[PDB]
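So the structure is just underneath, and the comments pick up after that.
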There are 2 protein chains.
Amino acid sequence: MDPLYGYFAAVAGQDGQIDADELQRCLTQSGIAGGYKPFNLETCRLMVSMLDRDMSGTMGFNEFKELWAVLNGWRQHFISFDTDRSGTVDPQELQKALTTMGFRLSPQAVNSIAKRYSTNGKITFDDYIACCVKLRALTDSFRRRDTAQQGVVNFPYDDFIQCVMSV
Amino acid sequence: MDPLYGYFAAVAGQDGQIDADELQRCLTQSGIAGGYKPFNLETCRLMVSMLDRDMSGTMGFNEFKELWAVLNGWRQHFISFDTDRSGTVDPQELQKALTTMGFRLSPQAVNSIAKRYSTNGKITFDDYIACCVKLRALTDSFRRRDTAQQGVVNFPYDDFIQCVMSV
Ligand SMILES: COc1cccc2c1C(=O)c1c(O)c3c(c(O)c1C2=O)C[C@@](O)(C(=O)CO)C[C@@H]3O[C@H]1C[C@H](N)[C@H](O)[C@H](C)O1
Ligand SMILES: [Mg+2]
Ligand SMILES: [Mg+2]
Ligand SMILES: [Mg+2]
Ligand SMILES: [Mg+2]
Ligand SMILES: [Mg+2]
């Protein structure tokens with residue numbers, strides 16, 4: 001028996017599967033939230049999107065074990081940039097946190113990411129994770145259309161929507 | 001002159017310019033929502049960044065006027081398929097609604113949208129807008145970069161991300 005099984009277990013027992021609504025309950029039950037403002041649902045939608053890989057709208061347990069790790073990894077990397085444990089982070093001190101944990105972008109590119117997600121000036125922990133989660137799946141999408149291994153991908157119109165809207 | 005000024009006037013004189021928290025209000029104040037539930041703020045950042053080239057987190061009244069009209073039209077098509085007055089519409093009903101209002105999307109593409117934005121087999125009115133919103137701002141970005149005029153645009157990894165994280 002894995003410890004993370006139980007949180008996942010009690011929510012949606014038979015399918016062996018959880019959607020965003022099911023996912024949200026069991027994350028914050030297990031305290032990956034970890035003191036901070038517990039994950040709201042439209043964040044959890046992306047997490048599901050990221051990891052289903054079949055358009056199921058759901059992810060099973062070993063897909064769930066995988067997630068908990070990524071969010072722990074990212075949770076601590078947040079706590080570095082807000083050791084006061086307020087909830088928040090200013091956009092510029094966020095700017096570095098973005099660059100650090102990998103696969104990063106230029107000072108001109110990074111701003112775009114902190115411009116959009118800046119909620120009343122500050123950035124929330126929920127906004128932070130939700131940004132990471134959105135990008136990971138965008139990298140992982142870009143990856144799989146970049147069969148050439150270049151870092152430059154041709155996008156048709158219908159393909160570009162079909163891609164971007166799924167995440 | 002214009003009846004839409006009062007609703008807008010009430011919400012902000014930041015300059016003569018509103019944010020999402022304000023926009024949310026004046027929409028529901030104007031009752032474009034129209035029986036259905038107020039457009040929630042998760043949607044109403046899209047509505048800013050859709051018509052915000054200058055990354056301010058703001059739109060103005062003349063931009064607003066565009067928005068309200070697009071919605072008044074979009075809303076109408078929804079209410080074709082929702083003679084219920086329910087706030088819910090099936091993902092076939094959605095697929096056809098996307099066609100009739102002028103989107104060049106394939107069988108495979110709208111499937112991949114409809115799948116995503118559905119949650120228990122039907123789509124909320126709020127969701128249908130945020131789907132429709134997202135389309136029209138991503139296609140405006142694709143046509144912004146398609147001065148190739150081909151139906152194909154080519155994307156660096158640092159450009160592809162900074163495109164999709166703005167919306
Ligand atoms: C999210 O991860 C990825 C997933 C799939 C493909 C990619 C990447 C990726 O991160 C990536 C890069 O970070 C870089 C490049 C790249 O092609 C990719 C991917 O293709 C080259 C680069 O010049 C580009 O601007 C083009 O994207 C800059 C950068 O170079 C970095 C990493 C290079 N491998 C090399 O070590 C160079 C010296 O620094
Ligand atoms: Mg799955
Ligand atoms: Mg701080
Ligand atoms: Mg305000
Ligand atoms: Mg503007
Ligand atoms: Mg119906």
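If you're wondering about the labels, chains in the structure tokens are A, B, ... by order shown, residues count from 1 in each chain, ligands from 1 in order shown.
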
Notebook entry, point to check: Which residues of chain A are close to chain B, meaning at most 10 Å apart when you count only C-alpha atoms, and how do they look as a PyMOL selection string?
Noted result: chain A and resi 19-21+42+45-46+49+55-57+103-106+108-121+131+134-135+138-139+142-143+146+150-167

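Every residue having at least one atom no farther than 6 Å from ligand 6 is included below, with only C-alpha atoms and all ligand atoms taken into account: residues 81, 82, 84, 88 and 89 of chain B.
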
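Of the residues in segment 36-128 of chain B, those that DSSP places in strand (DSSP E or B) on the basis of the backbone are residues 59, 88, 89, 123 and 124 of chain B.
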
Next item on the list: Name each residue within 6 Å of ligand 5, counting only C-alpha atoms and all ligand atoms, as number ranges by chain.
Entry: B: 52-54, 56, 58-59

Neighbours of ligand 3 within 12 Å, counting only C-alpha atoms and all ligand atoms, as a short mmCIF file (atom, residue, chain, number, x, y, z; two decimals) with C-alpha atoms, in the first residue's frame?
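Final output, saved to out-v4.cif:
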```cif
data_model
loop_
_atom_site.label_atom_id
_atom_site.label_comp_id
_atom_site.auth_asym_id
_atom_site.auth_seq_id
_atom_site.Cartn_x
_atom_site.Cartn_y
_atom_site.Cartn_z
CA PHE A 78 7.70 28.68 -4.27
CA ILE A 79 8.39 28.70 -0.51
CA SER A 80 11.99 29.80 -1.34
CA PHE A 81 10.59 33.03 -2.91
CA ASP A 82 8.00 33.52 -0.11
CA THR A 83 9.52 32.24 3.18
CA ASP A 84 7.32 34.83 4.98
CA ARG A 85 4.51 32.40 3.98
CA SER A 86 2.07 35.20 3.16
CA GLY A 87 0.43 33.51 0.18
CA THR A 88 1.92 35.78 -2.47
CA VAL A 89 4.99 36.81 -4.45
CA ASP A 90 5.74 40.09 -6.30
CA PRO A 91 6.17 39.78 -10.14
CA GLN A 92 9.93 40.48 -10.31
CA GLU A 93 10.93 38.05 -7.50
CA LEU A 94 8.62 35.59 -9.26
CA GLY A 121 -0.14 43.39 -8.81
CA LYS A 122 0.89 40.42 -6.62
CA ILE A 123 0.84 36.69 -7.69
CA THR A 124 -0.93 33.96 -5.65
CA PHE A 125 0.29 30.46 -4.90
#
```

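When every C-alpha of chain A is superposed on its counterpart in chain B by least squares, the root-mean-square deviation equals 0.9 Å.
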
Check: Neighbours of residue 9 of chain A within 12 Å (only C-alpha atoms; same-chain residues fewer than 6 positions away dropped), as a ChimeraX atom specification?
Finding: /A:1-3,15-18,22-23,25-27,29-30,60-61,64

Keeping only N, CA and C atoms, write the selected residues as a PDB file, in the first residue's frame.
```
ATOM      1  N   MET A   1       0.835  -1.244   0.000  1.00  0.00           N
ATOM      2  CA  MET A   1       0.000   0.000   0.000  1.00  0.00           C
ATOM      3  C   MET A   1       0.860   1.280   0.000  1.00  0.00           C
ATOM      4  N   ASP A   2       0.663   2.141  -1.004  1.00  0.00           N
ATOM      5  CA  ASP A   2       1.232   3.507  -1.024  1.00  0.00           C
ATOM      6  C   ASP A   2       0.422   4.423  -0.088  1.00  0.00           C
ATOM      7  N   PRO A   3       1.087   5.404   0.572  1.00  0.00           N
ATOM      8  CA  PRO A   3       0.331   6.339   1.418  1.00  0.00           C
ATOM      9  C   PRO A   3      -0.632   7.230   0.646  1.00  0.00           C
ATOM     10  N   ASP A  15     -14.242   3.558 -11.007  1.00  0.00           N
ATOM     11  CA  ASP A  15     -13.579   3.921 -12.274  1.00  0.00           C
ATOM     12  C   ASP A  15     -12.047   3.824 -12.194  1.00  0.00           C
ATOM     13  N   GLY A  16     -11.472   4.033 -11.011  1.00  0.00           N
ATOM     14  CA  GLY A  16     -10.022   4.073 -10.850  1.00  0.00           C
ATOM     15  C   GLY A  16      -9.464   5.330 -11.492  1.00  0.00           C
ATOM     16  N   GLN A  17     -10.200   6.431 -11.325  1.00  0.00           N
ATOM     17  CA  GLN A  17     -10.073   7.640 -12.148  1.00  0.00           C
ATOM     18  C   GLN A  17     -10.686   8.841 -11.411  1.00  0.00           C
ATOM     19  N   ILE A  18     -10.137  10.033 -11.675  1.00  0.00           N
ATOM     20  CA  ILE A  18     -10.628  11.288 -11.076  1.00  0.00           C
ATOM     21  C   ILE A  18     -10.588  12.475 -12.040  1.00  0.00           C
ATOM     22  N   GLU A  22     -13.235  15.793  -8.563  1.00  0.00           N
ATOM     23  CA  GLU A  22     -12.716  14.711  -7.730  1.00  0.00           C
ATOM     24  C   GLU A  22     -11.271  15.016  -7.302  1.00  0.00           C
ATOM     25  N   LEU A  23     -10.447  15.498  -8.240  1.00  0.00           N
ATOM     26  CA  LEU A  23      -9.017  15.797  -7.993  1.00  0.00           C
ATOM     27  C   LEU A  23      -8.825  16.835  -6.899  1.00  0.00           C
ATOM     28  N   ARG A  25     -10.649  17.788  -4.334  1.00  0.00           N
ATOM     29  CA  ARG A  25     -10.921  17.344  -2.970  1.00  0.00           C
ATOM     30  C   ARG A  25      -9.698  16.650  -2.379  1.00  0.00           C
ATOM     31  N   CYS A  26      -9.177  15.648  -3.093  1.00  0.00           N
ATOM     32  CA  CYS A  26      -8.138  14.757  -2.554  1.00  0.00           C
ATOM     33  C   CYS A  26      -6.723  15.368  -2.484  1.00  0.00           C
ATOM     34  N   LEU A  27      -6.407  16.349  -3.338  1.00  0.00           N
ATOM     35  CA  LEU A  27      -5.139  17.109  -3.235  1.00  0.00           C
ATOM     36  C   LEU A  27      -5.004  17.792  -1.880  1.00  0.00           C
ATOM     37  N   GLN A  29      -7.029  17.638   0.774  1.00  0.00           N
ATOM     38  CA  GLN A  29      -7.056  16.572   1.804  1.00  0.00           C
ATOM     39  C   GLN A  29      -5.664  16.102   2.238  1.00  0.00           C
ATOM     40  N   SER A  30      -4.807  15.794   1.265  1.00  0.00           N
ATOM     41  CA  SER A  30      -3.430  15.332   1.529  1.00  0.00           C
ATOM     42  C   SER A  30      -2.424  16.446   1.862  1.00  0.00           C
ATOM     43  N   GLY A  60      -5.708   8.282 -13.498  1.00  0.00           N
ATOM     44  CA  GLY A  60      -5.661   7.222 -12.493  1.00  0.00           C
ATOM     45  C   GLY A  60      -4.568   7.454 -11.472  1.00  0.00           C
ATOM     46  N   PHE A  61      -4.296   6.437 -10.663  1.00  0.00           N
ATOM     47  CA  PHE A  61      -3.526   6.641  -9.441  1.00  0.00           C
ATOM     48  C   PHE A  61      -2.048   6.921  -9.694  1.00  0.00           C
ATOM     49  N   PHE A  64      -1.649  10.119 -10.809  1.00  0.00           N
ATOM     50  CA  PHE A  64      -1.765  10.948  -9.574  1.00  0.00           C
ATOM     51  C   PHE A  64      -0.532  10.992  -8.675  1.00  0.00           C
TER      52      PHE A  64
END
```

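The neighbours of residue 67 of chain B here are the residues that come within 9 Å of it, using only C-alpha atoms and leaving out any residue fewer than 3 positions away in the same chain; they are residues 47, 50, 51, 62, 63, 64, 70, 71 and 72 of chain B.
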
Margin query: Just list as number ranges by chain whatever in segment 22-118 of chain B DSSP marks as helix (DSSP H, G or I).
Written below: B: 22-30, 41-50, 61-81, 91-100, 107-117

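Of note, atom CA of residue 11 of chain B and atom CA of residue 69 of chain B are spaced 18.5 Å apart.
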
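Atom CA of residue 68 of chain A lies 11.3 Å from atom CA of residue 5 of chain A.
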
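Ranking A:126, A:43, A:28, A:101 by their shortest atom-to-atom distance to ligand 1, with only C-alpha atoms and all ligand atoms included, puts A:101 first.
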